[PDB]
RNA sequence: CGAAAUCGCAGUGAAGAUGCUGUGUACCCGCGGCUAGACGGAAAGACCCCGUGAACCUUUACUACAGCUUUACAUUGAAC
């Protein structure tokens with residue numbers, strides 16, 4: 001899963017950087033608890049703006 | 001229950017004859033009894049054998065399946 005970081009978290013990357021995570025990690029923790037967003041054009045534009 | 005003008009004996013005969021041979025006996029027809037025979041009636045023998053027949057049962061017969069169980073992947077992630 002390609003995902004944009006919404007905050008610093010260890011061993012993955014910086015704020016706003018796009019990482020690849022395991023689908024379970026991305027789907028069950030980060031996105032539901034508001035630490036990242038799915039990697040789409042409409043979300044990268046939202047974050048950059 | 002094929003139809004009968006439906007006797008005994010010794011033989012003969014698909015090998016135990018009311019029906020064939022020889023012979024003996026016997027006038028025609030009932031009624032009351034009897035069950036020696038009509039291999040009597042009844043049930044396409046269940047005993048036995050056969051059929052590349054059936055069924056159900058058993059098992060360390062064959063081949064399978066349910067169920068149980070093992071591991072690989074997915075649901076399934078993070079850190080040391």
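Because the Cβ atoms are built from the backbone with ideal geometry, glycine has one as well, and the counts that use them run over all protein chains shown. Values quoted throughout were computed directly from the atomic coordinates according to the rules given, and no laboratory measurement underlies them.
With no solvent and one equal point scatterer placed on each C-alpha of chain A, evaluate the Debye formula and give log10 I(q)/I(0) for q = 0.14, 0.21 Å⁻¹, two decimals.
Those come out to -0.27, -0.63, one per q.
Sort A:12, A:5, A:33 by Cβ crowding within 10 Å, fewest neighbours at the top. Can you show the working numbers first?
Details: A:12 16, A:5 20, A:33 9.
By the 10 Å Cβ count, ascending, the order reads A:33, A:12, A:5.
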